[PDB]
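Residue numbers (PDB author numbering), protein chains in the order written: chain e, 75 to 133; chain Y, 3 to 128; chain X, 1 to 142; chain J, 7 to 188; chain E, 1 to 263.
The structure under discussion appears below in the form of structure tokens.
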RNA sequence: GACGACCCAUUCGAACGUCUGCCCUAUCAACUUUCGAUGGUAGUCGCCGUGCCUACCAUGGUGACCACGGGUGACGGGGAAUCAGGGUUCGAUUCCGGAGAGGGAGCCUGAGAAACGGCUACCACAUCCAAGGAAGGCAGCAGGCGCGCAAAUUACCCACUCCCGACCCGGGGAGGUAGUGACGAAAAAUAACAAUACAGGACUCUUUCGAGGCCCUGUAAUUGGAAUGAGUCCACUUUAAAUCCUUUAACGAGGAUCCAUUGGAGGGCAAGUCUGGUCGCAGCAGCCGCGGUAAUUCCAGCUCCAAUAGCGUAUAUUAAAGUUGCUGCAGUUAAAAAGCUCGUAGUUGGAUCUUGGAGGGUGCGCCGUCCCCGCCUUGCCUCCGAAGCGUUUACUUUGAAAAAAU
């Protein structure tokens with residue numbers, strides 16, 4: 075009732091081809107970042123009555 | 003830039019031979035002022051002279067151009083030299099005195115304790 | 001309303017309540033000091049022990065996996081306890097005769113998930129944090 | 007060594023409707039964080055609770071009279087509150103903006119001397135603003151009534167006078183060493 | 001503890017009415033043994049450097065005292081923590097000031113300058129009246145002064161004008177309905193007023209209904225009542241306020257009205 | 001101008017004495033005395049009250065209104081945390097009261113000690129020695145071992161605050177002062193403003209096309225002028241002397257920074273109807289559930305969310321929990337009315353004994369509005385006060401007495 079194996083321990087982590095870090099930008103300091111959020115969310119942000127939309131969408 | 007030394011909240015205190023008051027120092031826009039400059043400057047408003055106007059406390063305020071402290075000016079240089087905290091007189095070129103720093107002395111005394119009376123014996127041992 | 005209503009009857013009401021509190025399991029546990037007396041951890045929140053052996057435990061249906069815990073002798077009271085080793089390949093990081101910091105599941109003493117009869121998890125070895133080890137912030141020191 | 011907390015988080019944590027409301031407040035109010043809002047939601051709840059208690063008391067009741075009038079007078083000095091309000095029946099029917107409106111940051115906008123709740127906070131936190139003999143760097147301040155008029159740039163920050171700027175003064179000597187001579 | 005007399009006072013466990021701050025240190029002065037009970041006293045140090053501002057340090061308070069600058073009831077006192085109290089005089093000479101320790105309406109020893117006379121005499125409340133040894137009788141006042149041969153009228157709770165250089169009672173006042181009073185303890189500590197009634201309890205505890213010059217009425221324990229003269233005619237200085245007591249609203253009304261305009 | 005004494009009171013106290021309030025437990029129901037348990041009486045003792053002790057003499061005292069016995073993540077309280085209201089839980093720990101200084105017991109001195117930075121024995125521990133001897137007690141301050149989930153300098157000073165002594169003057173690991181210090185709490189930086197440049201929407205004009213236009217946000221393009229301490233640093237302040245803060249000449253912001261994090265993105269639950277990889281494997285998953293080849297749960301990136309100089313995790317406990325239910329639970333069938341009745345304690349108990357205009361507080365501009373009061377049989381008697389003085393209470397009402405911190 076245990077017997078069995080571990081041979082396979084860590085098989086996916088070790089098979090998952092590493093990815094670069096890439097990079098890019100810094101996102102913004104405290105209140106300024108809050109400000110960008112508020113303009114992007116609300117000012118931005120006009121919205122349509124498209125019956126809605128999304129934040130982390132592709133096509 | 004001119005300054006201005008202003009002495010607020012005055013008390014004539016006879017029973018300790020001195021006039022004691024707050025020192026309000028405008029320095030408009032830089033900072034600061036020397037303790038020596040302050041005592042010199044006060045010395046000439048209370049008709050007393052430097053060596054009778056101790057000055058202490060002090061913290062420039064927030065942002066710059068002011069500093070509030072405290073001063074005393076003594077009626078007899080004798081009266082000051084005796085009513086005086088000693089550390090205060092030491093601070094300017096009239097008082098200084100012996101240090102230690104303290105545990106060397108305590109050690110000496112504890113060595114002395116071992117020895118019956120005499121103790122001077124323990125003095126020559128320290 | 002199952003409960004007198006006389007101005008006097010404070011003692012009956014007060015006491016009837018004392019009598020029924022028992023059935024509360026959290027209450028009874030506390031008054032009987034169970035955590036001190038039965039529990040493997042002292043009535044403390046974390047506990048450190050030595051690794052005896054590595055177990056591959058057989059996750060309960062409908063799930064199917066080999067679980068991967070160690071068996072640990074707690075230094076504090078020589079108690080024998082099996083503890084889960086979380087994340088991918090982390091067994092790796094603990095060896096027999098190891099030392100380890102164990103902690104509760106967050107289940108109130110009741111085993112977690114599919115993982116059967118295991119009530120604790122490893123947190124530190126290399127005195128050294130499986131997390132920091134798994135990431136590679138820090139190593140299997142030696 | 008006594009101390010107390012100054013803010014309180016909301017029972018609950020994800021109620022789109024509340025989140026949007028808070029974000030609009032941060033934006034209008036050049037705020038920095040939710041705590042920044044939470045701190046005020048907290049300030050207000052205690053005021054309202056103070057108010058509600060009082061309002062349950064008898065009027066003329068030395069305790070209700072002496073403390074009610076005081077709460078009101080305190081609430082008015084800061085402009086937070088107005089007279090008809092300026093009784094307890096009105097504080098009960100009040101809100102957060104009313105406080106939020108009195109901070110520095112939004113005033114330095116509100117009279118040109120910033121043109122942004124933005125600009126305002128960096129101005130304040132950078133020492134170019136006195137409330138009359140005193141620099142005030144706390145974008146978080148709370149401008150009292152008859153103190154509204156004394157807010158202005160400071161005696162030396164450049165506007166406010168005083169040379170130029172550790173970076174402007176760099177630039178003056180930036181056209182000096184090369185283009186003047188060798 | 002438990003083998004002997006305490007010698008320290010944790011500050012904070014000191015009496016509020018000295019109004020020492022919270023930070024500063026751990027310990028308050030703690031009154032020496034003396035003529036006034038420790039709670040009910042005002043160590044000179046607090047007077048010299050905490051109320052009068054003559055001293056900064058405690059080191060200074062001492063330097064002052066060793067001069068001999070300061071007398072209590074006429075007779076130089078040289079102890080930092082001397083327990084001065086109600087009806088005490090305190091005289092700083094090379095400064096010309098006479099002060100009588102008598103209460104605020106807060107219940108705080110008040111800074112109360114008195115004339116260069118007056119300073120001569122103090123009013124003591126009789127505490128006990130005694131046949132001492134050899135058949136002589138004596139009275140005992142609050143301030144712990146025993147005077148032999150007093151005149152036979154004087155009875156416990158009466159008050160008594162002491163000379164002061166000489167000791168010597170130089171008259172008295174009976175405790176009777178309608179006498180002026182000073183309240184020396186409790187909720188009403190500092191209120192002055194006529195009398196009205198003494199409710200009497202055997203076994204223990206006699207209350208004194210007092211009425212003030214404003215028809216404001218209140219009670220305290222007989223223990224707390226001190227007789228100071230005849231209505232409208234105190235036998236001493238009263239501090240500004242005539243021990244009146246005003247509601248926190250009345251108090252606010254006076255504070256804003258007297259200034260930011262009214263000279 | 002430089003301490004004793006007798007006796008009394010005083011002050012600081014002390015030692016005992018009053019009541020009223022304490023956790024869990026009945027798988028603890030009778031207990032306590034021939035080694036006094038309860039009482040008489042007298043003495044001895046003590047600072048003194050008292051079976052403290054002792055003689056003689058009684059046979060008491062306590063219990064279902066929980067005694068007795070036992071247990072204990074019990075020092076007790078002021079207090080703390082959790083907020084409808086009710087409540088619920090903690091309290092060793094900056095104050096108060098009590099207790100101890102390796103364990104036990106005894107004692108000296110002195111006003112005060114059954115003291116351990118006194119002593120003495122034993123008991124347990126440890127140390128020096130030339131082996132006969134001899135000297136010791138960090139639950140003081142640092143530090144060290146052991147223990148563990150867990151906790152700082154073998155640092156400076158008596159200047160502050162106070163204390164003590166023969167004492168202004170000395171002495172204080174009391175205490176202050178710095179160092180360590182994300183318990184935890186406060187303030188809140190790591191980038192603001194135009195311009196082109198554009199990307200855009202309510203407004204207006206026009207039949208439409210089309211154009212103008214205010215409010216501006218981004219997003220680059222770099223500009224362009226406009227900025228501040230974080231560091232660094234003459235000087236100065238702080239303070240016993242320093243440090244840091246709060247102070248500032250000279251320096252210190254074009255992003256590749258003077259470079260913000262930690263969890264989450266299938267449901268609850270805020271956020272990928274992703275791309276590569278794997279294929280019920282590794283892993284994820286408090287719970288429900290995912291993954292068996294188009295994985296929005298994995299493993300990584302990308303992207304996005306949330307809280308933000310903090311955030312995750314474990315755990316005690318609390319709120320949520322009207323899932324302990326006074327307020328405010330359920331029990332025909334869901335977990336739960338004893339088969340039935342008698343019955344002591346306890347709880348609980350019918351109707352009925354007195355009736356039928358102005359004084360004072362806070363609102364609104366001399367007027368009034370709205371409480372509160374004696375009024376349109378109400379303490380008797382003793383013979384206005386005083387006194388007699390209460391039929392008992394509970395209750396409720398008005399006072400005093402009511403530690404500070406909190």
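We put the CB at the ideal spot given by N, CA and C, even for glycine.
Asked                                                                                                                                                               : Found
Below 9 Å on C-beta distance, what does residue 91/X contact in chain e?                                                                                            : 80, 83, 84
Residues in the stretch 15-30 of chain Y with C-beta within 9 Å of chain E's C-beta atoms, listed in sequence order?                                                : 15, 16, 17, 18, 22
Rounded C-beta distance between residue 145/J and residue 131/J? I'm assuming under 8 Å.                                                                            : 6 Å
Counting pairs of Cβ atoms below 8 Å between the stretch 73-91 of chain E and the stretch 96-116 of chain Y, do you hit three or more?                              : no
Taking only three categories from DSSP, how would you classify residue 124/Y?                                                                                       : helix
By the DSSP assignment, the beta strand (DSSP E) with residue 199/E in it spans what residues?                                                                      : 197-199
Considering residue 217/E, what are the terminal residues of the beta strand (DSSP E) in which it resides?                                                          : 217-221
Starting from residue 104/X, follow the beta strand (DSSP E) in both directions and report where the run begins and ends.                                           : 100-104
Quick check for students: name the residue ranges of the beta strand (DSSP E) that lie wholly in the stretch 203-247 of chain E, counting only runs of 3 or more.   : 207-211, 217-221, 225-230
Would you mind reading off the limits of the alpha helix (DSSP H) that contains residue 138/E?                                                                      : Element bounds for residue 138/E: not the alpha helix (DSSP H) but the beta strand (DSSP E), 137-141.
Taking a contact to mean a Cβ-Cβ separation below 7 Å, would you say residue 160/J touches residue 166/J in this structure?                                         : yes
CB residue 99/X to CB residue 66/X, shorter than 7 Å?                                                                                                               : no
So the candidates are 142/X, 56/X, 19/X, 77/X; which of them puts its Cα closest to the Cα of residue 89/X?                                                         : 56/X
Specify the secondary structure class of residue 88/e as computed by DSSP and reduced to three states.                                                              : helix
Along the stretch 55-66 of chain Y, where does the CB come closer than 9 Å to a CB of chain J? Name the residues.                                                   : 63, 64, 65, 66
Pop quiz: residue 144/E and residue 31/E are said to be a contact at Cβ under 8 Å. What is the actual Cβ separation, rounded to whole angstroms?                    : That pair is no contact at about 13 Å.
Thinking C-alpha only, which one of 139/E, 66/E, 162/E is nearest residue 156/E?                                                                                    : 139/E
Which residues does DSSP list as the beta-bridge partners of residue 41/E?                                                                                          : 85/E
Taking 7 Å as the CB-CB cut-off, is residue 249/E touching chain J?                                                                                                 : yes
Short of 8 Å in beta carbon distance, which residues of its chain neighbour residue 25/E, apart from the five on each side in sequence? Order them along the chain. : 11
Given residue 26/Y, which residues of its chain have a CB within under 7 Å of its CB, disregarding the five upstream and five downstream residues?                  : 8, 10, 70
Is residue 58/J buried or exposed, if buried means 16 or more other CB atoms sit within 10 Å of its CB?                                                             : exposed
Give me the Cα-Cα distance between residue 123/Y and residue 110/Y, rounded to the nearest whole angstrom.                                                          : 11 Å
Quick check on the DSSP output: what are the complete beta strand (DSSP E) runs of length 3 or more inside the stretch 21-96 of chain X, in order along the chain?  : 46-55, 69-74, 80-84
Below 8 Å on C-beta distance, what does residue 36/Y contact in chain E?                                                                                            : None at all; the shortest Cβ gap to chain E is about 23 Å.
Pairs of beta-carbons, one from the stretch 105-114 of chain J and one from the stretch 69-86 of chain J, closer than 8 Å: are there three or more?                 : yes
Taking only beta carbons into account, state which residues of the stretch 45-68 of chain E come closer than 9 Å to chain Y, listed in chain order.                 : 48, 53, 54, 55, 56, 57, 59, 60, 63, 64, 67
Cβ of residue 108/e less than 7 Å from any chain J Cβ?                                                                                                              : yes
So, under 8 Å CB-CB, residue 185/E and residue 224/E are touching, yes? Tell me the CB distance rounded to an integer number of Å.                                  : 4 Å
In chain order, which beta strand (DSSP E) runs of at least 3 residues are fully inside the stretch 82-112 of chain Y?                                              : none
Residue 20/J lies in the alpha helix (DSSP H); which residues open and close that run?                                                                              : That residue, residue 20/J, is in no alpha helix (DSSP H); it is neither H nor E in DSSP.
Return the CA-CA distance between residue 13/J and residue 72/J, expressed in angstroms with no decimal places.                                                     : 27 Å
With a cut-off of 7 Å, does the C-beta of residue 72/J fall near any C-beta of chain E?                                                                             : yes
So what does DSSP say about residue 91/E, is it helix, strand or coil?                                                                                              : strand
Using a cut-off of 9 Å between C-beta atoms, extract the partners of residue 94/E located in chain Y.                                                               : 16, 17
Which one of 74/J, 102/J, 179/J, 101/J has the shortest CA to CA distance from residue 92/J?                                                                        : 74/J
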